[PDB]
Amino acid sequence: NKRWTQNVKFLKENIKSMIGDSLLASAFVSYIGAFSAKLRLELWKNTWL
Amino acid sequence: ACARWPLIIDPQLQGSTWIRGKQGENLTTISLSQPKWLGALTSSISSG
């Protein structure tokens, strides 16, 4: 019960947090890919995140 | 996880070698300069 309540509560926090993730993921897959290491990193870590 | 078709910019052929690795079976390689290339694609589209 204690180990399945913990898996529930974590998964409920893992829905809403996999809504903000998917935005970054999608934004990243669509555009980033034509750029070079340094610039790619500056787009998703220095501006988006 | 690509929605659009993957066009790959690969000098040094790192990308090409890895697609042959990942897609091992029936990855039919077709230069645009191949003579019957329209036939080989349209047959692979239909069942490939």
# chains A, B, ... in the order shown; residues from 1 in each chain; ligands from 1
>>> interface_residues(of="chain A", to="chain B", cutoff="9 Å", atoms="only C-alpha atoms", output="PDB file with N, CA and C atoms, in the first residue's frame")
ATOM      1  N   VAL A  29      13.241  18.795 -31.009  1.00  0.00           N
ATOM      2  CA  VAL A  29      13.224  17.837 -32.162  1.00  0.00           C
ATOM      3  C   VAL A  29      12.936  18.580 -33.475  1.00  0.00           C
ATOM      4  N   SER A  30      11.938  19.467 -33.473  1.00  0.00           N
ATOM      5  CA  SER A  30      11.446  20.195 -34.670  1.00  0.00           C
ATOM      6  C   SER A  30      12.567  21.062 -35.268  1.00  0.00           C
ATOM      7  N   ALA A  34      19.916  21.450 -37.268  1.00  0.00           N
ATOM      8  CA  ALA A  34      20.701  22.125 -38.326  1.00  0.00           C
ATOM      9  C   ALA A  34      21.906  22.861 -37.720  1.00  0.00           C
TER      10      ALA A  34
END
>>> select_by_dssp(residues="stretch 3-39 of chain B", states="alpha helix (DSSP H)", output="list in words")
residues 14, 15, 16, 17, 18, 19, 20, 21, 22, 37, 38 and 39 of chain B
>>> write_last_selection(atoms="N, CA, C and O atoms", output="short mmCIF file (atom, residue, chain, number, x, y, z; two decimals), in the first residue's frame")
data_model
loop_
_atom_site.label_atom_id
_atom_site.label_comp_id
_atom_site.auth_asym_id
_atom_site.auth_seq_id
_atom_site.Cartn_x
_atom_site.Cartn_y
_atom_site.Cartn_z
N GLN B 14 29.30 9.41 -40.77
CA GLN B 14 28.93 8.87 -39.43
C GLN B 14 27.44 8.49 -39.46
O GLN B 14 27.12 7.35 -39.06
N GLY B 15 26.59 9.41 -39.92
CA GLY B 15 25.12 9.23 -40.03
C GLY B 15 24.76 8.00 -40.85
O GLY B 15 23.99 7.17 -40.34
N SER B 16 25.31 7.88 -42.06
CA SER B 16 25.02 6.80 -43.05
C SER B 16 25.28 5.42 -42.43
O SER B 16 24.37 4.57 -42.52
N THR B 17 26.46 5.22 -41.85
CA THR B 17 26.92 3.94 -41.22
C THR B 17 25.97 3.54 -40.09
O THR B 17 25.73 2.32 -39.94
N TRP B 18 25.46 4.51 -39.33
CA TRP B 18 24.58 4.27 -38.16
C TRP B 18 23.17 3.87 -38.60
O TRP B 18 22.53 3.09 -37.86
N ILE B 19 22.68 4.39 -39.74
CA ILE B 19 21.33 4.06 -40.27
C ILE B 19 21.35 2.62 -40.79
O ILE B 19 20.35 1.91 -40.61
N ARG B 20 22.47 2.20 -41.39
CA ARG B 20 22.72 0.79 -41.82
C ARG B 20 22.78 -0.12 -40.60
O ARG B 20 22.33 -1.28 -40.71
N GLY B 21 23.31 0.36 -39.47
CA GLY B 21 23.34 -0.36 -38.19
C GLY B 21 21.95 -0.51 -37.59
O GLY B 21 21.53 -1.66 -37.35
N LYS B 22 21.26 0.61 -37.37
CA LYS B 22 19.91 0.68 -36.72
C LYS B 22 18.90 -0.05 -37.61
O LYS B 22 18.31 -1.04 -37.13
N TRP B 37 15.39 4.70 -60.50
CA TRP B 37 15.30 5.06 -59.06
C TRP B 37 13.84 5.30 -58.66
O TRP B 37 13.48 4.94 -57.53
N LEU B 38 13.04 5.89 -59.56
CA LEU B 38 11.59 6.14 -59.38
C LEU B 38 10.86 4.80 -59.18
O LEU B 38 9.95 4.76 -58.34
N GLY B 39 11.25 3.76 -59.92
CA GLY B 39 10.69 2.40 -59.83
C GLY B 39 11.02 1.72 -58.51
O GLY B 39 10.11 1.08 -57.94
#
>>> closest_residue(among="A:44, A:2, A:9, A:39", to="residue A:23", atoms="only C-alpha atoms")
A:44
>>> closest_residue(among="B:26, B:12, B:35, B:5", to="residue B:48", atoms="only C-alpha atoms")
B:26
>>> atom_distance(atom1="atom CA of residue B:11", atom2="atom CA of residue B:30")
17.5 Å
>>> atom_distance(atom1="atom CA of residue B:23", atom2="atom CA of residue B:42")
19.1 Å
>>> residues_around(residues="residue B:28", least_positions_apart="4", cutoff="9 Å", atoms="only C-alpha atoms", output="ChimeraX atom specification")
/B:40-41,44,48
>>> atom_distance(atom1="atom CA of residue A:27", atom2="atom CA of residue A:10")
25.4 Å
>>> decode(residues="stretch 10-47 of chain A", atoms="N, CA, C and O atoms", output="PDB file, in the first residue's frame")
ATOM      1  N   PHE A  10       3.883  10.001  -7.119  1.00  0.00           N
ATOM      2  CA  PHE A  10       5.034  10.316  -8.010  1.00  0.00           C
ATOM      3  C   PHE A  10       4.570  10.370  -9.475  1.00  0.00           C
ATOM      4  O   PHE A  10       4.994  11.309 -10.178  1.00  0.00           O
ATOM      5  N   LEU A  11       3.752   9.407  -9.924  1.00  0.00           N
ATOM      6  CA  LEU A  11       3.245   9.350 -11.326  1.00  0.00           C
ATOM      7  C   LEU A  11       2.324  10.544 -11.608  1.00  0.00           C
ATOM      8  O   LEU A  11       2.403  11.075 -12.725  1.00  0.00           O
ATOM      9  N   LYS A  12       1.497  10.957 -10.640  1.00  0.00           N
ATOM     10  CA  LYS A  12       0.608  12.148 -10.754  1.00  0.00           C
ATOM     11  C   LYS A  12       1.464  13.407 -10.944  1.00  0.00           C
ATOM     12  O   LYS A  12       1.091  14.241 -11.794  1.00  0.00           O
ATOM     13  N   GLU A  13       2.567  13.535 -10.201  1.00  0.00           N
ATOM     14  CA  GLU A  13       3.591  14.597 -10.403  1.00  0.00           C
ATOM     15  C   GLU A  13       4.359  14.353 -11.713  1.00  0.00           C
ATOM     16  O   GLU A  13       4.929  15.327 -12.235  1.00  0.00           O
ATOM     17  N   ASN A  14       4.394  13.105 -12.203  1.00  0.00           N
ATOM     18  CA  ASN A  14       5.064  12.688 -13.467  1.00  0.00           C
ATOM     19  C   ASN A  14       4.136  12.845 -14.683  1.00  0.00           C
ATOM     20  O   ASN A  14       4.636  12.653 -15.797  1.00  0.00           O
ATOM     21  N   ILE A  15       2.847  13.166 -14.513  1.00  0.00           N
ATOM     22  CA  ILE A  15       1.986  13.592 -15.660  1.00  0.00           C
ATOM     23  C   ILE A  15       2.333  15.053 -15.957  1.00  0.00           C
ATOM     24  O   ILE A  15       2.926  15.302 -17.026  1.00  0.00           O
ATOM     25  N   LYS A  16       2.021  15.960 -15.020  1.00  0.00           N
ATOM     26  CA  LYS A  16       2.148  17.438 -15.175  1.00  0.00           C
ATOM     27  C   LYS A  16       3.582  17.817 -15.564  1.00  0.00           C
ATOM     28  O   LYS A  16       3.742  18.792 -16.320  1.00  0.00           O
ATOM     29  N   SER A  17       4.583  17.101 -15.051  1.00  0.00           N
ATOM     30  CA  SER A  17       6.014  17.361 -15.341  1.00  0.00           C
ATOM     31  C   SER A  17       6.402  16.787 -16.709  1.00  0.00           C
ATOM     32  O   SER A  17       7.417  17.256 -17.256  1.00  0.00           O
ATOM     33  N   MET A  18       5.634  15.824 -17.237  1.00  0.00           N
ATOM     34  CA  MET A  18       5.794  15.290 -18.620  1.00  0.00           C
ATOM     35  C   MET A  18       4.839  16.025 -19.580  1.00  0.00           C
ATOM     36  O   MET A  18       4.587  15.495 -20.679  1.00  0.00           O
ATOM     37  N   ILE A  19       4.344  17.205 -19.175  1.00  0.00           N
ATOM     38  CA  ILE A  19       3.598  18.200 -20.010  1.00  0.00           C
ATOM     39  C   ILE A  19       4.519  19.380 -20.331  1.00  0.00           C
ATOM     40  O   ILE A  19       4.450  19.896 -21.466  1.00  0.00           O
ATOM     41  N   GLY A  20       5.273  19.838 -19.327  1.00  0.00           N
ATOM     42  CA  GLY A  20       6.322  20.864 -19.467  1.00  0.00           C
ATOM     43  C   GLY A  20       7.541  20.315 -20.176  1.00  0.00           C
ATOM     44  O   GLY A  20       8.209  21.107 -20.873  1.00  0.00           O
ATOM     45  N   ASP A  21       7.834  19.022 -19.991  1.00  0.00           N
ATOM     46  CA  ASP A  21       8.957  18.321 -20.668  1.00  0.00           C
ATOM     47  C   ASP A  21       8.687  18.349 -22.174  1.00  0.00           C
ATOM     48  O   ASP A  21       9.535  18.861 -22.925  1.00  0.00           O
ATOM     49  N   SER A  22       7.530  17.816 -22.572  1.00  0.00           N
ATOM     50  CA  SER A  22       7.164  17.491 -23.972  1.00  0.00           C
ATOM     51  C   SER A  22       7.285  18.747 -24.838  1.00  0.00           C
ATOM     52  O   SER A  22       7.638  18.603 -26.023  1.00  0.00           O
ATOM     53  N   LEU A  23       6.998  19.919 -24.255  1.00  0.00           N
ATOM     54  CA  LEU A  23       7.160  21.252 -24.892  1.00  0.00           C
ATOM     55  C   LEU A  23       8.624  21.406 -25.305  1.00  0.00           C
ATOM     56  O   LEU A  23       8.859  21.713 -26.483  1.00  0.00           O
ATOM     57  N   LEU A  24       9.556  21.177 -24.370  1.00  0.00           N
ATOM     58  CA  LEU A  24      11.025  21.303 -24.594  1.00  0.00           C
ATOM     59  C   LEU A  24      11.455  20.289 -25.656  1.00  0.00           C
ATOM     60  O   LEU A  24      12.082  20.707 -26.648  1.00  0.00           O
ATOM     61  N   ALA A  25      11.115  19.015 -25.441  1.00  0.00           N
ATOM     62  CA  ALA A  25      11.372  17.870 -26.349  1.00  0.00           C
ATOM     63  C   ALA A  25      10.940  18.208 -27.781  1.00  0.00           C
ATOM     64  O   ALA A  25      11.776  18.084 -28.693  1.00  0.00           O
ATOM     65  N   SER A  26       9.678  18.610 -27.959  1.00  0.00           N
ATOM     66  CA  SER A  26       9.062  18.932 -29.271  1.00  0.00           C
ATOM     67  C   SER A  26       9.798  20.111 -29.912  1.00  0.00           C
ATOM     68  O   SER A  26      10.244  19.970 -31.068  1.00  0.00           O
ATOM     69  N   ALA A  27       9.904  21.224 -29.179  1.00  0.00           N
ATOM     70  CA  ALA A  27      10.649  22.446 -29.568  1.00  0.00           C
ATOM     71  C   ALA A  27      12.041  22.047 -30.058  1.00  0.00           C
ATOM     72  O   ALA A  27      12.503  22.607 -31.068  1.00  0.00           O
ATOM     73  N   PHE A  28      12.665  21.097 -29.359  1.00  0.00           N
ATOM     74  CA  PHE A  28      14.056  20.636 -29.599  1.00  0.00           C
ATOM     75  C   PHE A  28      14.141  19.766 -30.856  1.00  0.00           C
ATOM     76  O   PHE A  28      15.072  19.976 -31.646  1.00  0.00           O
ATOM     77  N   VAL A  29      13.241  18.795 -31.009  1.00  0.00           N
ATOM     78  CA  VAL A  29      13.224  17.837 -32.162  1.00  0.00           C
ATOM     79  C   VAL A  29      12.936  18.580 -33.475  1.00  0.00           C
ATOM     80  O   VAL A  29      13.619  18.283 -34.478  1.00  0.00           O
ATOM     81  N   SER A  30      11.938  19.467 -33.473  1.00  0.00           N
ATOM     82  CA  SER A  30      11.446  20.195 -34.670  1.00  0.00           C
ATOM     83  C   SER A  30      12.567  21.062 -35.268  1.00  0.00           C
ATOM     84  O   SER A  30      12.954  20.791 -36.422  1.00  0.00           O
ATOM     85  N   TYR A  31      13.082  22.048 -34.524  1.00  0.00           N
ATOM     86  CA  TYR A  31      13.996  23.097 -35.051  1.00  0.00           C
ATOM     87  C   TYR A  31      15.455  22.650 -34.920  1.00  0.00           C
ATOM     88  O   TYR A  31      16.106  22.457 -35.969  1.00  0.00           O
ATOM     89  N   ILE A  32      15.951  22.510 -33.684  1.00  0.00           N
ATOM     90  CA  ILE A  32      17.369  22.154 -33.369  1.00  0.00           C
ATOM     91  C   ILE A  32      17.722  20.857 -34.101  1.00  0.00           C
ATOM     92  O   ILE A  32      16.928  19.903 -34.021  1.00  0.00           O
ATOM     93  N   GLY A  33      18.876  20.833 -34.768  1.00  0.00           N
ATOM     94  CA  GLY A  33      19.283  19.732 -35.663  1.00  0.00           C
ATOM     95  C   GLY A  33      20.153  20.222 -36.802  1.00  0.00           C
ATOM     96  O   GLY A  33      21.030  19.455 -37.243  1.00  0.00           O
ATOM     97  N   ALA A  34      19.916  21.450 -37.268  1.00  0.00           N
ATOM     98  CA  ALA A  34      20.701  22.125 -38.326  1.00  0.00           C
ATOM     99  C   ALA A  34      21.906  22.861 -37.720  1.00  0.00           C
ATOM    100  O   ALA A  34      22.850  23.155 -38.487  1.00  0.00           O
ATOM    101  N   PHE A  35      21.885  23.141 -36.408  1.00  0.00           N
ATOM    102  CA  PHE A  35      22.884  23.987 -35.701  1.00  0.00           C
ATOM    103  C   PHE A  35      24.084  23.132 -35.264  1.00  0.00           C
ATOM    104  O   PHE A  35      24.051  21.920 -35.482  1.00  0.00           O
ATOM    105  N   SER A  36      25.112  23.762 -34.684  1.00  0.00           N
ATOM    106  CA  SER A  36      26.365  23.129 -34.188  1.00  0.00           C
ATOM    107  C   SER A  36      26.384  23.116 -32.651  1.00  0.00           C
ATOM    108  O   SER A  36      25.796  24.033 -32.046  1.00  0.00           O
ATOM    109  N   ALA A  37      27.067  22.128 -32.059  1.00  0.00           N
ATOM    110  CA  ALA A  37      27.152  21.842 -30.604  1.00  0.00           C
ATOM    111  C   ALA A  37      26.874  23.093 -29.759  1.00  0.00           C
ATOM    112  O   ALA A  37      25.852  23.092 -29.045  1.00  0.00           O
ATOM    113  N   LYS A  38      27.747  24.107 -29.840  1.00  0.00           N
ATOM    114  CA  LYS A  38      27.728  25.330 -28.984  1.00  0.00           C
ATOM    115  C   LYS A  38      26.360  26.012 -29.070  1.00  0.00           C
ATOM    116  O   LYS A  38      25.786  26.322 -28.008  1.00  0.00           O
ATOM    117  N   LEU A  39      25.883  26.246 -30.294  1.00  0.00           N
ATOM    118  CA  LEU A  39      24.630  26.994 -30.577  1.00  0.00           C
ATOM    119  C   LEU A  39      23.426  26.161 -30.117  1.00  0.00           C
ATOM    120  O   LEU A  39      22.579  26.718 -29.394  1.00  0.00           O
ATOM    121  N   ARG A  40      23.381  24.873 -30.486  1.00  0.00           N
ATOM    122  CA  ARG A  40      22.311  23.908 -30.098  1.00  0.00           C
ATOM    123  C   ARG A  40      22.095  24.011 -28.585  1.00  0.00           C
ATOM    124  O   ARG A  40      20.943  24.201 -28.169  1.00  0.00           O
ATOM    125  N   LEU A  41      23.183  23.943 -27.816  1.00  0.00           N
ATOM    126  CA  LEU A  41      23.195  24.024 -26.328  1.00  0.00           C
ATOM    127  C   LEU A  41      22.642  25.377 -25.859  1.00  0.00           C
ATOM    128  O   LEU A  41      21.902  25.380 -24.859  1.00  0.00           O
ATOM    129  N   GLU A  42      22.992  26.477 -26.534  1.00  0.00           N
ATOM    130  CA  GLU A  42      22.556  27.853 -26.154  1.00  0.00           C
ATOM    131  C   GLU A  42      21.047  28.028 -26.376  1.00  0.00           C
ATOM    132  O   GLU A  42      20.464  28.879 -25.687  1.00  0.00           O
ATOM    133  N   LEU A  43      20.435  27.269 -27.293  1.00  0.00           N
ATOM    134  CA  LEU A  43      18.992  27.415 -27.635  1.00  0.00           C
ATOM    135  C   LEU A  43      18.122  26.761 -26.556  1.00  0.00           C
ATOM    136  O   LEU A  43      17.152  27.416 -26.152  1.00  0.00           O
ATOM    137  N   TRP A  44      18.442  25.547 -26.090  1.00  0.00           N
ATOM    138  CA  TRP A  44      17.544  24.791 -25.171  1.00  0.00           C
ATOM    139  C   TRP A  44      17.942  24.957 -23.695  1.00  0.00           C
ATOM    140  O   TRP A  44      17.031  24.821 -22.855  1.00  0.00           O
ATOM    141  N   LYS A  45      19.212  25.232 -23.374  1.00  0.00           N
ATOM    142  CA  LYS A  45      19.685  25.356 -21.963  1.00  0.00           C
ATOM    143  C   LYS A  45      19.760  26.826 -21.527  1.00  0.00           C
ATOM    144  O   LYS A  45      19.503  27.077 -20.333  1.00  0.00           O
ATOM    145  N   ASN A  46      20.125  27.752 -22.423  1.00  0.00           N
ATOM    146  CA  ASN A  46      20.380  29.177 -22.073  1.00  0.00           C
ATOM    147  C   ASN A  46      19.140  30.046 -22.344  1.00  0.00           C
ATOM    148  O   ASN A  46      19.072  31.130 -21.728  1.00  0.00           O
ATOM    149  N   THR A  47      18.208  29.618 -23.212  1.00  0.00           N
ATOM    150  CA  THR A  47      17.019  30.425 -23.622  1.00  0.00           C
ATOM    151  C   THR A  47      15.703  29.730 -23.237  1.00  0.00           C
ATOM    152  O   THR A  47      14.886  30.399 -22.575  1.00  0.00           O
TER     153      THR A  47
END
